[PDB]
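Student: return a 3D structure for these sequence lines:
(one chain, ligands or ions: 1)
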Amino acid sequence: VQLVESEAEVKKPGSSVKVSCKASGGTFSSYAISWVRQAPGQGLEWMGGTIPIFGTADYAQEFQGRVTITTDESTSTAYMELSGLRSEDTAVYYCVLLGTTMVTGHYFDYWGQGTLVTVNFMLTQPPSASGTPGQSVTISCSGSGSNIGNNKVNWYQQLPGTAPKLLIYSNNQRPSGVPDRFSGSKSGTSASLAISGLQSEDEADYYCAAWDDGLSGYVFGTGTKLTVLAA
Ligand SMILES: NCCOCCOCCNC(=O)CCC(=O)NCCC[n+]1ccc(Cc2sc3ccccc3[n+]2CCCS(=O)(=O)O)c2ccccc21
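Tutor: Numbers count the residues shown, from 1 in each chain. See the structure here:
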């Protein structure tokens with residue numbers, strides 16, 4: 001399963017940009033495509049997405065007016081257009097496949113590597129965390145009843161200069177490939193990611209996330225920079 005987004009684009013203020021992404025080697029029609037952006041040095045912001053079967057698009061309220069998401073089933077290609085470009089809109093624009101696995105049918109999540117385009121509610125996380133290799137650290141995520149209280153929590157790892165990767169879904173489930181030293185949990189309006197037997201490769205940004213019934217949008221945490229201190 002393979003994502004290819006459009007090449008990096010410099011753009012004039014006031015204009016509009018269409019980012020594309022093409023997906024290969026799966027059932028395109030069975031995926032939800034979502035779009036998430038990240039300004040340099042900053043966090044994640046859901047713009048919107050399509051849902052399968054119905055083919056209907058939906059949008060984060062800060063972007064209503066300005067965004068048109070569209071999907072071409074023929075070419076297995078999603079498109080995101082945002083207009084009225086300001087400097088604030090400078091960001092890496094990620095397309096994200098959401099789906100269920102073929103055999104067991106559990107959730108999964110695949111992020112494109114992002115299109116840099118050159119020209120805000122969030123869950124609470126501590127800004128930083130650290131440990132020496134072998135140690136255990138726990139990263140916390142705090143929200144409210146309308147999000148973490150009522151909805152499934154995901155955790156995303158983000159290595160420097162790379163796209164987020166799903167670590168935990170459905171509060172405590174690990175995708176295939178994720179080591180059992182990562183553990184998820186939630187209780188009330190609060191969630192936790194536990195990392196045991198810490199390794200240098202874990203130096204990364206960790207984001208919790210969940211849907212919010214009040215806002216009617218997908219909400220990321222402020223993120224936690226985990227520094228693995230030698231040694
Ligand atoms: N007077 C009116 C007052 O009352 C309102 C009544 O009127 C009706 C109110 N209307 C509704 O019920 C709308 C509900 C609905 O299904 N929307 C369509 C879809 C909207 N959506 C879109 C997207 C997501 C999840 C997303 S977006 C995304 C982007 C990147 C990475 C992950 C990611 N993820 C994670 C998904 C995994 S999990 O599910 O969280 O584990 C949703 C998650 C849950 C529910 C809806 C979701």
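
Student: domain ranges for this protein?
Tutor: Taking curated CATH domains as the domain assignment, the ranges for the chain are 1-120, 121-222.

Student: so which of the ones you listed is the most packed in?
Tutor: domain 121-222 (a mean of 18; mean count of other C-beta atoms under 10 Å). C-beta here means a position set from N, CA and C on the backbone, and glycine is covered the same way.

Student: any residue of that domain up close to the ligand?
Tutor: Yes: residues of domain 121-222 are located near the ligand by C-beta under 6 Å from any ligand atom, namely 152, 154, 170, 211, 218.

Student: before we move on, what about stretch 41-53?
Tutor: Yes: contact between stretch 41-53 and the ligand, assessed by C-beta under 6 Å from any ligand atom, occurs at 46, 49, 51.

Student: out of the residues you listed, who's nearest residue 81?
Tutor: residue 49 (13.9 Å; C-beta to C-beta).

Student: quick one: the closest one is in a helix?
Tutor: No: using DSSP: H, G, I helix; E, B strand; the rest coil, the secondary structure at residue 49 is strand, not a helix.

Student: beta-bridge partners for it, please?
Tutor: Counting by DSSP bridges, residue 49 forms beta bridges with residue 34, residue 58.

Student: so who does it touch?
Tutor: 32-35, 57-58, 69, 96, 98 (C-beta atoms under 8 Å, 6 or more residues apart in numbering).

Student: at 7 Å instead, please
Tutor: 32-35, 58, 69 (C-beta atoms under 7 Å, 6 or more residues apart in numbering).

Student: noted, bye for now.
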